[PDB]
Every structure is written in C-alpha cells, then in structure tokens.
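A.B. asks:
Numbering (PDB author numbering), first residue to last: 1856 to 1970.
1) Name the two residues that bound the continuous alpha helix (DSSP H) containing residue 1954.
2) With a Cβ-Cβ cutoff of 8 angstroms, do residue 1913 and residue 1892 count as a contact?
3) Pick from 1895, 1968, 1881, 1856: whose alpha carbon is nearest that of residue 1908?
4) Which whole-angstrom value describes the C-beta separation of residue 1905 and residue 1942, a residue pair presumed to lie in contact below a C-beta threshold of 8 angstroms?
5) Which complete alpha helix (DSSP H) runs does the segment 1886-1917 hold, if anything under 4 residues is left out?
6) Can you name the start and end residues of the alpha helix (DSSP H) that residue 1946 belongs to?
7) Please determine, among 1958, 1866, 1952, the residue with the shortest C-alpha to C-alpha distance to residue 1911.
8) Considering only the beta carbon of each residue, do residue 1829 and residue 1966 sit closer than 8 angstroms?
9) By DSSP, does residue 1866 sit in helix, in strand, or in coil?
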C-alpha cells in the first residue's frame, strides 16, 4: 500500500531474457505454424472466429519496440498464440500437435528462466 512496498525483484534482465526465449521458440522445428500472422484473406473462418490473432513475428516486433510493459504481458501473448491454435485446430493434426509441443517447450523455459 502507500509507502509500504515488498522488496524490489530485479527486472532489469527481463527484456533480454524474453528475447532469448523468443529466439528459441522461433528456431524450434515445430514453430512453422506460428512464425507469421495467419493470412486472414486466405483462411476461411479465421478472422471471425479468432478475436485476437497473435504470432511470433508480431510478438518480436512488440518486444523490440517497448510494447510489453512487463514479462507477464509477454507471456500472455505467447500463450494466446497456443490458445488460438487450440481453438482452430484439431488436436490430432500436424498444427494441433505443433501447438501442444510449443506450449510445453515455452512453459518449461519460462519456469526455468524466472521461477
């Protein structure tokens, strides 16, 4: 509350560490469904169904331009990529499987880097 603060967690390396995690997600072999925005002219249903599209390149640009106020807003967009994937793709599809794999990969890196 006012003039009563918990001890200051050092957040000065968060930017660089989110960038490193993002690099590792970008270079994973199962990243291909997620690298670029879904083409809303060419994929029927996407525009109407997925209210907040998100992809790694869009996260990379937001990161690079100071549009994440903190590491939690970064994690929300990464998770949004996988939540969108599950909304639109069957679990038993290549893309559906890609999404589950990448989410697992991301969540371990997240815990190991910050928890």
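Note that the Cβ used here is the ideal one computed from N, Cα and C, for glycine as well.
C.D. replies: Short version:
1) To locate residue 1954, count along the chain shown from 1; it is residue 99. Element bounds for residue 1954: 1949-1969.
2) To locate residue 1913, count along the chain shown from 1; it is residue 58. To locate residue 1892, count along the chain shown from 1; it is residue 37. Cβ distance < 8 angstroms, so residue 1913 and residue 1892 count as in contact.
3) Along the chain shown, read from residue 1 onward, the residue named residue 1908 stands at position 53. For residue 1908, the closest C-alpha among the options 1895, 1968, 1881, 1856 is that of 1895.
4) One-based indexing of the chain shown puts residue 1905 at position 50. One-based indexing of the chain shown puts residue 1942 at position 87. The pair is a contact, with the Cβ atoms about 6 angstroms apart (cut-off 8 angstroms).
5) 1901-1904
6) Counted from its first residue, the chain shown places residue 1946 at position 91. For residue 1946, there is no enclosing alpha helix (DSSP H), as DSSP gives it neither H nor E.
7) As a first step, residue 1911 must be located in the chain shown, where it is residue number 56. Closest by alpha carbon: 1958.
8) Nothing in the structure corresponds to residue 1829, since the chain is present only between 1856 and 1970.
9) Locating residue 1866 in the chain shown gives position 11, where the first residue counts as 1. Correct three-state label for residue 1866: coil.
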